[PDB]
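Take a look at the structure set out below.
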Amino acid sequence: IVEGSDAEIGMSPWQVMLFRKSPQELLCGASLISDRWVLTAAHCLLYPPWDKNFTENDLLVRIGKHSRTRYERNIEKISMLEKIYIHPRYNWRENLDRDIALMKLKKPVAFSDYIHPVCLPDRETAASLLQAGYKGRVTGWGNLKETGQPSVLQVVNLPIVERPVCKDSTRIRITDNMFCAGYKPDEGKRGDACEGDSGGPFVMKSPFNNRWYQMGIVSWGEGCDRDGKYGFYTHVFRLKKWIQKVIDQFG
Amino acid sequence: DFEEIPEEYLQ
Amino acid sequence: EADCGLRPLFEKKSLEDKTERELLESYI
Ligand SMILES: CC(C)C[C@@H](NS(=O)(=O)Cc1ccccc1)C(=O)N1CCC[C@H]1C(=O)NCc1cc(Cl)ccc1CN
Ligand SMILES: *[C@@H]1O[C@H](CO)[C@@H](O)[C@H](O)[C@H]1NC(C)=O
Ligand code: NA
Ligand code: NA
């Protein structure tokens, strides 16, 4: 996260770290959506241009974390993966269209002060909240700059951007399965996701019921925090039918 | 840079 | 599930985090 701040303890209890077994290192962010299911970006697991194709046994999920590098004894919980499901129409060839994946845990994780699931949006909450100017929150342990790394989980609040402005900021083809967020050059403030924040959540706090909803998944950006560029996020509600199909079939 | 995690999670 | 999105150390105790107000203020 570029130009963010240290998270407060328990501020993002759905935050998940995807951890590589060997070598031991951060792979991506992710989020907890139930006691057995974790949501992430497809490109965290499958990205052929970079020779990335992880299998279940390659990875661990670490839940309840705050410190990036420490083993947080008595606080974090580490889970093995039963199965990975990647969207069948994930487009890694062009623009990361439908950049979404689910991971089922081998055993249910116990909830605690530090571990708790985020809500997924219904059509109505999505329609109400996914509006230009409305701010969401992005969290992760990714790099602090495009070109170092944080001691603890970072957080940044960013405004959703008008679709034509998103489109005009890039030569990449944008789809309805994405939205973009970030400050414009003339707005003074800044901030973005960066390398390592991939797969983490873009959340919004509903003013209707005071619950946090995951509206997006950290997906892609041309660099990190560049003037005139924006971060692009997987549109979670647009892909919710697939999410539900997977959970209903394999749950 | 990462602190070693308990072995049982690697088995 | 029914308890999703309510943080134990915040919503569940009626405590606010340091920047959530920034989000609320943007929901015009
Ligand atoms: C459509 C993609 C091929 C674009 C790619 N951009 S990139 O930074 O890695 C390479 C690049 C650098 C400068 C200018 C143009 C491209 C990218 O964002 N990728 C390629 C595969 C993984 C993903 C990524 O890094 N996602 C993390 C991320 C997510 C957000 Cl929301 C914002 C920034 C970043 C960091 N670039
Ligand atoms: C990725 O891994 C799976 C399983 O090893 C393999 O079958 C597949 O062809 C690989 N490449 C993909 C999905 O692009
Ligand atoms: Na364009
Ligand atoms: Na920018």
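So you can find residues: chains in the structure tokens are A, B, ... in the order shown, residues in each start at 1, and ligands are numbered from 1 in order.
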Considering only C-alpha atoms, return as a PDB file with C-alpha atoms, in the first residue's frame whatever protein or nucleic-acid residues lie within 9 Å of region 4-20 of chain C, sequence-local ones (same chain, fewer than 5 positions apart) excluded.
```
ATOM      1  CA  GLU A   8      -5.330  -0.431  14.037  1.00  0.00           C
ATOM      2  CA  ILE A   9      -5.480  -3.748  15.856  1.00  0.00           C
ATOM      3  CA  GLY A  10      -8.523  -5.719  14.661  1.00  0.00           C
ATOM      4  CA  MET A  11      -9.358  -3.066  12.050  1.00  0.00           C
ATOM      5  CA  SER A  12      -9.565  -5.588   9.197  1.00  0.00           C
ATOM      6  CA  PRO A  13     -10.244  -8.980  10.831  1.00  0.00           C
ATOM      7  CA  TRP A  14     -11.163 -10.500   7.453  1.00  0.00           C
ATOM      8  CA  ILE A  33     -15.858 -14.652   3.785  1.00  0.00           C
ATOM      9  CA  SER A  34     -16.892 -17.562   6.032  1.00  0.00           C
ATOM     10  CA  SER A 112     -11.829 -14.339  17.453  1.00  0.00           C
ATOM     11  CA  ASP A 113     -11.268 -10.629  18.161  1.00  0.00           C
ATOM     12  CA  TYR A 114      -8.765 -10.743  15.266  1.00  0.00           C
ATOM     13  CA  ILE A 115     -10.520 -13.119  12.866  1.00  0.00           C
ATOM     14  CA  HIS A 116     -13.975 -12.412  11.472  1.00  0.00           C
ATOM     15  CA  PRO A 117     -15.601 -12.591   8.009  1.00  0.00           C
ATOM     16  CA  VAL A 118     -16.546  -9.654   5.783  1.00  0.00           C
ATOM     17  CA  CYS A 119     -19.964  -9.443   4.067  1.00  0.00           C
ATOM     18  CA  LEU A 120     -20.409  -9.868   0.323  1.00  0.00           C
ATOM     19  CA  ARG A 137     -10.784   1.043   2.019  1.00  0.00           C
ATOM     20  CA  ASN A 157      -9.104   5.030   1.891  1.00  0.00           C
ATOM     21  CA  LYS A 205     -19.019   0.416   5.432  1.00  0.00           C
ATOM     22  CA  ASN A 210     -23.250  -0.399   9.680  1.00  0.00           C
ATOM     23  CA  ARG A 211     -21.681  -3.567   8.227  1.00  0.00           C
ATOM     24  CA  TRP A 212     -18.523  -3.835   6.142  1.00  0.00           C
ATOM     25  CA  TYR A 213     -18.957  -5.184   2.614  1.00  0.00           C
ATOM     26  CA  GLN A 214     -16.258  -6.318   0.220  1.00  0.00           C
TER      27      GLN A 214
ATOM     28  CA  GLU C  25     -18.679  11.551   4.749  1.00  0.00           C
TER      29      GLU C  25
END
```
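Residues of protein, DNA or RNA lying at most 9 Å from ligand 2, when only C-alpha atoms and all ligand atoms are considered, are residues 46, 47, 48, 52, 53, 54 and 55 of chain A.
Note that CA of residue 221 (chain A) and atom 25 (O, counted along the ligand's line) of ligand 1 are 6.3 Å apart.
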Quiz item: Could you list, as a ChimeraX atom specification, all the residues within 6 Å of ligand 4, counting only C-alpha atoms and all ligand atoms?
Solution: /A:182,225-230
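Considering only C-alpha atoms, the residue among A:81, A:246, A:203, A:18 positioned nearest to chain C is A:203.
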Practice problem: Excluding residue 11 (chain B) and residues on its chain fewer than 2 positions from it, collect all residues at most 10 Å away from it, counting only C-alpha atoms, and give them as JSON, numbers by chain. | Solution: {"A": [57, 80], "B": [6, 7, 8, 9]}
Quiz prompt | Test item: chain B residues at most 8 Å from chain A, counting only C-alpha atoms, as a VMD selection string | solution = chain B and resid 1 to 5 9 to 10
Quiz item: DSSP says alpha helix (DSSP H) for which residues of chain C? Put them as a ChimeraX atom specification?
Solution: /C:20-26
Exercise. Counting only C-alpha atoms and all ligand atoms, name the residues that have an atom within 9 Å of an atom of ligand 3; the answer should be given as a ChimeraX atom specification.
Key: /A:164-174
Residues of the last selection are to be written out with C-alpha atoms, as a JSON list (two decimals), in the first residue's frame.
```json
[["chain", "number", "residue", "atom", "x", "y", "z"],
["A", 164, "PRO", "CA", -15.10, 7.29, -18.35],
["A", 165, "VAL", "CA", -12.18, 8.68, -16.34],
["A", 166, "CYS", "CA", -11.03, 5.11, -15.58],
["A", 167, "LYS", "CA", -11.21, 4.29, -19.28],
["A", 168, "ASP", "CA", -9.42, 7.46, -20.37],
["A", 169, "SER", "CA", -6.53, 6.76, -17.95],
["A", 170, "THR", "CA", -5.25, 3.67, -19.77],
["A", 171, "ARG", "CA", -4.87, 1.94, -23.12],
["A", 172, "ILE", "CA", -6.06, -1.31, -21.49],
["A", 173, "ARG", "CA", -9.63, -2.41, -22.27],
["A", 174, "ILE", "CA", -11.77, -1.95, -19.15]]
```
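CA of residue 45 (chain A) is positioned 21.4 Å from CA of residue 108 (chain A).
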